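The chain below stands alone, shown as structure tokens; this is the form deposited in one PDB entry.
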């Protein structure tokens, strides 16, 4: 297993020497965020690695990133990582490819406009009541609060409510079938010999597909797919039903499932990261509460234009996503041979935009390890959209981005209206990141939560 391991050597592209069969995969064990940053430091603008035999080209030049993510998205860099064994979930928008992706993305676009988001605002804001009640019971407990329990439950509640209109109280119904099924999405493929064998030996994917082996939790997929069909007999779901070029009843089920998959852990982790930064920066937290109280005096309920016009809240969310871009990197496959900034790259190679590394780059951000929301003041020069990519850029960016920001802002408004967050002896400071999957802390974020009354 070395046939491709001379590619970058031959092209002159720097990078860490791969091992036979494994490639550079052993360097993932410290975390992809750490590997990308150390490679950037060591090799510069562009470096090559191998996932088994698969060549991987990382690029950090904003102009080359623009060509990959926008200019040649339809012609060359249309799809992400080559598809693992996923069964009918291949129809999910995030896993679909080429013409099928273009159609599905186009059918779902009316669902994610800013106009539809303004309509669904009351359906989203209503989950703030449960959130505050849950956190109150934990705050009035006089003990540190494990944030991920509170905000994981909120993240699940909102994405499921906006999906199906079912108001589950995740935190208070641990044995609800929706709750237990969805939690299987956490730690997606952690140390699983199946995921690793797929990465090293991508030719095994059609074998596992033929055996009904899926990277997803089968029992979760089946429950959610069957749950979708029974409700159609009797919302994101309602928008897709009305749109029925057709969106088949299996394609529609794939979207319902993938929205929950994409929005659940991401929103939860970012929320918890945000409150860590506010607990460790009281002055930021107090400035934000000052702005919230000036817009919504006497804990007034949030409205749409009030959320959109909170500048410092927007800066705080953006600075949190700079420090903690939970997807770590963007990935595209060369569906044919392509020249990328003078480099001839073979068909099937992967191109990586190392979001985390570029977000912590001292060449673009002064004091890059510091939490400074003022970076995102609209008075300052615009932020290069190819350096700052927590949601990606171009035709294949995060379709739920607007919704995810709105959800997180509504959560942060309601808890900060009622509570203050400070560290305790059990708080890990500095926070250390995990080494697997989406960005999350090595130890669960715990904080002291005090009510403002």
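Numbering follows the first chain given and starts at 1. If you superpose the two forms and keep the largest set of C-alpha atoms that fall within 1.5 Å, you have the rigid core.
Below: the form deposited in another entry, not depicted.
185 is the only residue from 304, 185, 312, 74 whose Cα shifts by 2 Å or more between the shown form and the other one, the rigid core being superposed. Relative to the superposed rigid core, residue 175 undergoes a CA displacement of at least 2 Å between the shown form and the other one.
Shown in the overlay between the shown form and the other one, fitted on the rigid core, is a CA shift at residue 378 of 2 Å or greater. Once you line up the core between the shown form and the other one, the Cα of residue 340 stays within less than 2 Å of where it was. Relative to this form, the distance between the C-alpha atoms of residue 275 and residue 175 is reduced by at least 3 angstroms in that other deposited form. Annotation: residue 189/residue 31 CA-CA distance shorter in that other deposited form than in the displayed model, change of at least 3 Å.
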